[PDB]
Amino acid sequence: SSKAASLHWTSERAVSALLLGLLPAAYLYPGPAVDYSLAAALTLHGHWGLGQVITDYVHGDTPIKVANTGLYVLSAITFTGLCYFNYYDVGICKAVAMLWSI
């Protein structure tokens, strides 16, 4: 895509607006729908945001590839663990509410 850089910038904002609306959804309609949407949005937003950090601060062909590769492993493991928590445990919404009942 010749418009790839601007398409990524627009996608970053689209996911941010979506994550913003998941917060009232998580308070209003807690359940599996929101649990897995939060897992997907939390990872994609975090993955892209941590990539901007890498783009800003890491320099040199090899350090850049090492950083982005480790980020990709971190994000893939993060999304998997969140889906695990949603399927095998109480899920994101319930955990928050339990944590706050302490």
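Numbers follow the displayed sequence, beginning with 1.
Stretches 24-32 and 52-60 differ in mean CA B factor, with 24-32 having the higher one. Among the modelled residues of its chain, residue 17 has a C-alpha B-factor that falls in the middle third according to the deposited record. Residue 79: CA B factor lies in the middle third for its chain, per the PDB record.
In the PDB entry, a CA B factor belonging to the middle third of its chain's modelled residues is recorded for residue 7.
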